[PDB]
Amino acid sequence: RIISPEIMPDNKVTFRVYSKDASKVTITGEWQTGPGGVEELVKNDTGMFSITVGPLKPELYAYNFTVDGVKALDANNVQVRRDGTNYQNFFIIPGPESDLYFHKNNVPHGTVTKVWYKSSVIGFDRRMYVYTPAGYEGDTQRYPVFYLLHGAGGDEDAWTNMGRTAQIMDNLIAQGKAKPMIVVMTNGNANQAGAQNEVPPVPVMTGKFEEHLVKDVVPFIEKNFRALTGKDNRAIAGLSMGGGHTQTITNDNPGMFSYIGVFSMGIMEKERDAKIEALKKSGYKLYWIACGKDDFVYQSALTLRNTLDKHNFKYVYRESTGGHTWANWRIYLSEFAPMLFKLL
Amino acid sequence: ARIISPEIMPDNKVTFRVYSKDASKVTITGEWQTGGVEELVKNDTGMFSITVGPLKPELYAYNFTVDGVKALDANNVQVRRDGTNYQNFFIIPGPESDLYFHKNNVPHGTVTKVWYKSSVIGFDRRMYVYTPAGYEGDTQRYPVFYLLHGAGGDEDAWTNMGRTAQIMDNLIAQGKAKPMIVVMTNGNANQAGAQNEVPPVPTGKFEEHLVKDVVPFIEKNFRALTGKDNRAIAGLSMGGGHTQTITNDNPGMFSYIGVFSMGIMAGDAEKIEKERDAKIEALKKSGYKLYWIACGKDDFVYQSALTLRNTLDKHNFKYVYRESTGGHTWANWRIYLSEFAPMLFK
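Residues numbered from 1 in each chain as written, not as in the entry; some residues may be left out. Chains lettered and ligands numbered in written order. Heavy atoms only, no water.

- For this entry, the PDB record names X-ray crystallography as the structure determination method and reports a resolution of 1.07 Å.

- Per the PDB entry, chain B carries the name Ferulic acid esterase and comes from uncultured bacterium.
- Per the header of the deposited record, the title is "Crystal structure of feruloyl esterase wtsFae1B".

- Naming follows the PDB entry, where chain A appears as Ferulic acid esterase of uncultured bacterium.

Here it is, written out as structure tokens:
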């Protein structure tokens, strides 16, 4: 009866909320300028509030309403994402920039496995999500592995939920742009066993997540999945806190990962310089640093680049528009995954 | 200031809270109500609240309505999805709900969201597969339980609405059910997967595809024991119909059969009864071990399930009937899974 959102042929979008009781309904969405750019829906004499925005550029946009001061989702939009405790609706405006984010019915789909594993380092069993490429099942081929790490507030569900990882990977692999690969999405919060929407706090520290990834996660993946081994078949990337984890893991384990991505994160000694020298000599194939110009971490990411320059350590830097957002992290995944497990 | 909602109190009363100085009226709709919406009381500082109960141990879903608009509880991370209907939930601890909790001291089985080709339906489809804790890293094979949803559901429903992963983890860890693989299909042959994740695609097909496409895929790609004594099937409503069709059309393929909240299955009337009788007789002689019919006394389908039981009696076909309180609800379907899984493969 009520279509919301209704995406129009010019990429305007109409949202609708029914209530004869409500005084004020606003919408907060990712196309807006900022908090001051919250938009008010217009009420008509039938009780229907509506607003049309845009045209919007192709992207995935999250939103919610506020009804007389209370957050409310769009009950007519089945698309709902979760960022920690923050649920929002979303929609995807079609076009070049968003095409990888769609779940396409004409594309083979990889499995997403929610698997538990023992952790010698952390001391209790934990959950991770593992993506395997389409056609993994029923064959004997083995695949390289990409460890993909979230930031503070996230969990092992975030990269698929917020980051559209299954769609991005299904589409990149089907398009021949990225090699078929296993993608391992850990919970980076060493005090947690799994995502807070499903797993309660553990009844009862520094470096433990990083140590456990190397000592617990990697061996479990290589034992229980058809994984190629060795540095040239391992990639690791992470955003913010997880980009710090990525640095710590690779700095402490030179020669374990040949493809390294640091998203929206910068620097965290004689030990630091020694570890850069060892990593420099480790035969790595790609060190990729991506950051938005407007991110608060920008200067720290420059410091990271300068610290690597000091050692004549080769990296590739991708500066993007915008800031510390899942929109940027989706873009970074989309660009980094095609680089992996290739030589040149 | 942090707002706790729901706040489950030591006496199993529950307090719900919604903050807004600008809202006029907030009500709550919840599964403890008899058909029964309740109004929260606004204090002078903008906090709306209500305390309900005490509530019996169970999982309860709810939502608010704020000035005529549905609103979830932004302070409750627990959210379930029933098709297109999202609601919050909470679980009152106690004997009757204990299997529904995700417990940190319990080994946890994997949930795999896997796609497979369907020769019968003609496009790839998604299912959820639960494997028991410790499946990874060992060579043991496991019996297989196919668990089917009803109209409006999808392959996510039995885990999301039905708490299947928790029920199975807890039953298996307690030694009450055997370790087993649980296969949760999408029973809507026009869909490729659940509508919250998968767009619409450009009868008897579901049932034929389960036998010809799903079962071979499971047996090829998981460490499954095979043959009827290692194979169970159950379903609710439409899926209990699927269960009957599949087993009646493949006598001797399943030894454990569960029909939840479903009765007789819908050519002259006599011809239908002749084919029904022949299917009963073949299934009667098939060597099955358990035919378990469970239904709420207040379900619309109660009389049709009685008709089914009476027809089986006329054929001296042995079944077990579990009548429960209540009606056509996920609360009952969780109970039925909880009671049926311990019976399997024994």
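There is more to say, and it comes next.
### A few points about the side chain of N328 of chain A
All names here are of chain A.
Turning to step 1, where the next piece is worked out: Mapping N328 onto the fold places it in helix α7 (residues 326-336).
Turning to step 2, where the next piece is worked out: For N328, a relative accessible area of 4% gives the class buried.
Turning to step 3, where the next piece is worked out: A polar side-chain atom of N328 sits 3.0 Å from the main-chain carbonyl oxygen of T321.
Turning to step 4, where the next piece is worked out: Once you skip the residues sitting within four places of it in the chain, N328 turns out to touch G292, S320, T321, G322 and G323. (Helix = DSSP H or I, 4+ residues; strand = E, 2+ residues; numbered from the N terminus. Buried < 20%, exposed > 50% of the residue type's maximum accessible area, 1.4 Å probe, protein only. Polar contact = N/O pair within 3.5 Å; in protein donor to acceptor, adjacent residues only side chain to side chain. Contact = heavy atoms within 4.5 Å.)

### Concerning the domain arrangement of chain A
Residue and element names in this part refer to chain A.
Turning to step 1, where the next piece is worked out: Partitioning chain A into structural domains gives domain 1 (1-94) and domain 2 (95-344).
Turning to step 2, where the next piece is worked out: Here the C-alpha centre of domain 2 lies 32 Å away from the C-alpha centre of domain 1.
Turning to step 3, where the next piece is worked out: Residue-level contacts link 13 residues of domain 1 with 18 residues of domain 2.
Turning to step 4, where the next piece is worked out: At the boundary of domain 1 with domain 2, total buried surface from both sides reaches about 1300 Å², with 53% on carbon and sulfur atoms.
Turning to step 5, where the next piece is worked out: Looking only at domain 1, the three residues that lose the most surface to domain 2 are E59, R82 and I92, adding up to 44% of its buried area.
Turning to step 6, where the next piece is worked out: Between domain 1 and domain 2 we count 3 salt bridges in total.
Turning to step 7, where the next piece is worked out: Put simply, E59 and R330 hold a salt bridge, and the shortest N to O gap is 3.0 Å.
Turning to step 8, where the next piece is worked out: Looking at the side of domain 1 that touches domain 2, the elements with two or more residues in it are β7 (59-67), β9 (80-83) and β10 (86-93).
Turning to step 9, where the next piece is worked out: At 4 residues, β10 tops the list of elements feeding residues into the side of domain 1 that touches domain 2. (Domains from an automatic or database assignment. Buried area = accessible area lost by both parts, 1.4 Å probe. Salt bridge = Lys/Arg side-chain N within 4 Å of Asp/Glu carboxyl O.)

### What to know about the pairing of strand β16 (residues 256-260) of chain B
All names here are of chain B.
Turning to step 1, where the next piece is worked out: Most of β16 sits out of view: 5 of its 5 residues are buried.
Turning to step 2, where the next piece is worked out: Neither face of β16 is left uncovered, since the one carrying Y256, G258 and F260 and the one carrying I257 and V259 both have all their residues buried.
Turning to step 3, where the next piece is worked out: Pairing between strand β15 (residues 231-236) and β16: 5 bridges, direction parallel. Residue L236 lies in a different strand from β16, and its bridge partner there is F260.
Turning to step 4, where the next piece is worked out: Across 5 bridges, β16 lies against strand β17 (residues 290-296) in parallel orientation. Bridging from a neighbouring strand, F260 pairs with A294 of β17. (Pairing = 2+ DSSP bridges.)

### What about helix α6 (residues 302-314) of chain B?
All names here are of chain B.
Turning to step 1, where the next piece is worked out: The end-to-end C-alpha separation of α6 is 18 Å, in line with the 18 Å expected for 13 residues at 1.5 Å each.
Turning to step 2, where the next piece is worked out: Within the span of α6, buried status applies to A305, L308, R309, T311 and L312. Looking down the long axis of α6, one finds its buried residues gathered within 160 degrees of arc, a one-sided arrangement. Relative to its buried face, α6 has exposed residues pointing more than 90 degrees away, namely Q303 and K314.
Turning to step 3, where the next piece is worked out: Among the structural elements, α4 (238-249), α5 (269-284), β17 and β18 (320-324) are those in contact with the buried residues of α6. (Expected span 1.5 Å × (residues − 1). Arc of directions from axis to C-beta.)

### Description of the sheet that holds strand β1 (residues 7-8) of chain B
All names here are of chain B.
Turning to step 1, where the next piece is worked out: Strand order in the open sheet made by the 4 strands is β1-β2-β6-β5, with antiparallel pairing throughout. Only two strands of the sheet have a single neighbouring strand rather than two, namely β1 and β5 (41-42).
Turning to step 2, where the next piece is worked out: Summarising the sheet, strand β2 (residues 14-19) and strand β6 (residues 47-52) pair through 6 bridges and their orientation is antiparallel. Paired with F16 across the strands is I50, a residue of β6.

### Some points on the sheet that holds strand β6 (residues 48-53) of chain A
All names here are of chain A.
Turning to step 1, where the next piece is worked out: Taken together, the 4 strands give an open sheet; going across it, the order is β1-β2-β6-β5, and neighbouring strands pair in antiparallel fashion. Across the chains shown, the open sheet's two edge strands, defined by having one partner strand only, are β1 (6-7) and β5 (42-43).
Turning to step 2, where the next piece is worked out: In terms of strand pairing, β5 meets β6 through 2 bridges, oriented antiparallel. Bridge pairing links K43 to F49 in β6.

### Some words on the interface of chain B and chain A
Turning to step 1, where the next piece is worked out: The partner chain A presents 41 residues to the 40 residues of chain B that form the contact.
Turning to step 2, where the next piece is worked out: Surface buried jointly by chain B and chain A totals about 3200 Å² across both partners, of which 61% is contributed by carbon and sulfur atoms.
Turning to step 3, where the next piece is worked out: Area buried by chain B at its contact with chain A is led by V77, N104 and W115 of chain B, which between them contribute 18% of it.
Turning to step 4, where the next piece is worked out: There are 0 salt bridges connecting chain B and chain A.
Turning to step 5, where the next piece is worked out: The tally of links between chain B and chain A comes to 14 residue pairs in polar contact.
Turning to step 6, where the next piece is worked out: Of all the elements in the fold, those that place two or more residues in the side of chain B that touches chain A are β2, β8 (69-71), β11 (110-116) and α3 (205-221) of chain B.
Turning to step 7, where the next piece is worked out: Counting residues per element, the side of chain B that touches chain A draws most heavily on β11 of chain B, at 6 residues.

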